[PDB]
Every structure is written in structure tokens, then in C-alpha cells.
């Protein structure tokens, strides 16, 4: 039996990806706390750019890492389709890949034009709240021959190519369409050279630190696989010689690893696997050795707990990416010693992430023992006051998300939501991780949870009305009502609200003489009252036009003070809406709040 249930981890990983979706969500949506969002993406350029994935805990749709994630996800499915079949996750993987690939098609309106970003990094990062109610404008950026982006373009080509292979048997039509798009994108990237971060304002988030050379090799190889066109393999091998060497030696880079920016490492193994040339094998060997035994005395930093810590930001992601590729290489190399080394290294790194560490805790949200509970994720947190600090605990469980983890080689970590360097989550963080999981399911087995996902229930009323007697009076009843929108299942706008306060006509009180005034009212103040039947009447406060949403202190609520003066004879004790209203602001169950005529809170007479 496996040390950890890899099938379950994988199953949750796929759920995470579904939680990262943007656009109009399907009817079959598994994440109850996610609603439609980014519905006007692309409007600024008259295009429909809805869909795709939110990059991390933020809401900007960064094309570069989104494309990479897609390729890594497809890669793992090509390596171990059995792993996805066994864990019963194959349909979800295809579903997730279809989601991001549909978007890529939407974003490629012509052969040499690719939209690589929707949203502004700074503006988007200045606000902290659920995606469904984002209040900022989201500009769409692109790359064309006038300002190319060979890296992002070639990656998107690789993404669509690799996926076409996955859909090949299921949807030959779809597969063909991805292949067609991929060729155009690769051509565009090879013909118009350039770094995409020179054209789109993503440099502060996903700067093209290595250039496009690695993507030209990467993209070529994958198109080769999808098409079978030998010229593509030729293209890859040629471009391979132009890869980055290290410091002073003529040796190709071996001290880092494959991630959204640098695909050099992937190509070492991929071409070695394809051709079997010593040239590739040496590079792949040197890289994987630096991560295991070391080369020339140098070795990637290791913690006492056994974790390979490459950098501070998203440490587990790097180790996980290497763990996957290592497993892939472990099957092609004949060397018994190396095969063991790489394979054992991979299982160790994945196991560490799943719980086998000094803290004996999982680093995969919602999985294992003592998992993280507060990752740096806006929608998962569910703040309604534009604050990362409130509420204390994330209101949702982002099942399957792999956190950054220990940024230093000391196995230390603190589940702090405000730590985006170690506690943020991301689509690419789970890319290499998921592929490794699929390989491990095929080998060590595991079984998915029959009843998953659990259906979360709201942590209280989401949209309600609170009230208290503002000023005591005997010929009138002055109320201080506070409309609230703290929704999270999912977050929703409340722009057509109205509420009713029912009261009973008293002996000696002429309705004609009843007045409704206010000294402070963020909504409208009505002139007359409304007779229902008999002695039953009601005051209607109109808040339509007011955008009440869980995204700020003043945004989520509307204060309405209102005095109903009836003169001598006025008696609030027989009034329906008055039941329960004390001197402290508290939910008023008898004041009905309506969203466009539909009751959302309270009970009517």
C-alpha cells in the first residue's frame, strides 16, 4: 500500500484547477462557492476573452504560466494515462485541459495575434475580495508582428499541441483544431522574434528571464509529437545548440529546473528520450545529478528533513517539477544506479509535500494531516471588507492546492495568509506536481474518495438586514437598519434591493398623518406607506441602484435610518417587523429584504 494516497491527492488537484476557473461556469460546476466572473473580459478590444484560469491567488490571467501549466498537465497525461484512469480522474483532466484550450482559441483571433493577458497586475493586486465581484477594469493585452512574444506564443503552441494528443482519440475534430492553431503560433513565434515582457506589462510578475530560445526547442518538439512531422524534430535539435550555457563553461545550464520560464531542462530529457543521443543524456544527467548527488562538489540545497530547496518562492513547486521529470527520465535511462537515484529522489520529494516531513504535516490544502488552512488566495478567503486580515480563517477549503512551503533549508513554515512567498498557490504550482502524482498512482496505486467534493454550507446569513432602535420614542419608531452582503457561496452583487417594515395601524392613528423621515439614509426615503389589508401596512425602503457587494467596508453595506411618526396612539408592540429589535444592532428576521422583488432574507406576515 502507498505511503500516502496519491489517487486522492490527484483527485483534489483537479478540483483545485476547477476552482481557478474564470468566465461563465457550466451547470455541472463542482465548486459551490465559485460563480461567474470576468464576464466582460475582452470587451475593451471587442473580443470575447472570457474563460481560462486565474493565475494564482490573484485574478490577472497571465498567458505565459497558464500555457506552461497546460503543457505540463498534458505531458503527465501522455506519460501516465493509466494513472489518470485508475484514480478515475482522466475525465476531469480532459475537462480542465479543454477549459484552458478553449480560451487559447478565443485568444488567437488570427494566426499572428495572441492575447496573452487580461487584467492589470497592480490594480488587481490592490483589491482583496472574491472574483465574482471584482470592481476594477480589466485591460486586454496582446502580441502581434508589431511587438512579438516568441516565448508565450511558442508555449501556447506547445500547450495546444501536447493536448491534441490527449484528445486525439476522444475528439479527433478538437485535436485537429488545436494542432492547426499550434502550427500558426509556432510559425508566428519563429518568424517574429522577441521577449513578450517587452510588449506587455507582465515583467514584474512573469518576466521572461531566460528568453525564448528554450521555448523554440520546447515548442518544436511538441509540434513534432502532435504532427509526426520530422522537420519539427529537426528544428528542435538545431535550436537546442543555442541554449544557455553556464557562467564560464560551455556546459548547458544545470543549476535550476524546469518552470514556467525555463524549459531547457525539459528538453534535455525529452530529446534524450526521443533520440537517445549521448549529447542529451549528458545534459540531463548533469542536471539531475546536481539535484541528487551533486556535480563538481556543488549540489542543490537540502534541508535536514530531506527537501530540496531551490528558491524562496514556491519551493515545493520547483522540487515537484523536478520530481516529475526525474520519474520520466528514470524510465528511459538504462543505468540501474542512476535509475534508482532519480526515481527515489522523486518519490521522496513528493512524499515530503504530502506529509513525510519534520512537521509531519501536508502542504496540500485540504489533504492529509495538519494541512494549510489559510493560503494566500482571494476567493478562497472570502473577505467582504477588502482586508486580508478579516476574517481570520479562509471561508473556503481550496482542496488540492499545493502551497509554496519552506523557502529555506530548515523545514520551517507558518500557515500565514499574508505570506505570498511561501503560502500562495498557483496553476503552475500543481502542474509538475499533478504529473508526478499520476506517475505514482500508476506505480503505487491508491483510491479516490467516492463522495467528493463535500458541499460547504455558508458560515451564517450571507445577505441580511440588521436593525436596532436608534432613538426611543412614544409617538414614533425610529429604526437604524443596516443592509449587509457578506456572501461567499458564491459572492454576489445585490444591486436591486428593497426591504419592507410591516406595522399594524393603531386605534387613533390616521394613516394620512403617518410620516416617514430620516436624518441619514444611503438609500431612498419614502413619502407614503402601503396598505396591505385590514390594519396591516408596510414601509418600503428602495436601495435599487446601490451596488452592495462583499468587496469593501462601505461597499458591502448600506445604512438606513428611518423614523415612522404616527402621533399619539402609535403603538409598536403589535407591529410585525418590530418583534426582536433591541438596542444593539442585530439581524432582524422580520424585515424582509428583496433582490429584484424576490425575498432573500426575513419572513413576511
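Positions refer to the first chain, counted from 1.
Taking only CA atoms, the mean B-factor in the PDB entry is higher for 244 to 252 than for the other of 266 to 274 and 244 to 252. Legend: mean Cα B-factor per stretch from the PDB entry, 125 to 133 versus 275 to 283; the higher mean is in 275 to 283. Note on the listed residues 494, 346, 380, 226: the highest Cα temperature factor in the record is that of 226.
Of the residues listed, 87, 387, 434, 96, the entry assigns the biggest Cα temperature factor to 87. Per the PDB record, residue ranking by Cα B-factor puts residue 58 in the middle third of the chain.
Compared with the other modelled residues of the chain, the Cα B-factor recorded for residue 40 ranks in the highest third. When the CA B factors of the chain's modelled residues are split into thirds, the value for residue 575 lands in the middle one. Ranked within its chain, residue 445 lands in the highest third, by CA B factor from the PDB record. Per the deposited record, the Cα B-factor of residue 101 falls in the middle third when ranked against the other modelled residues of its chain.
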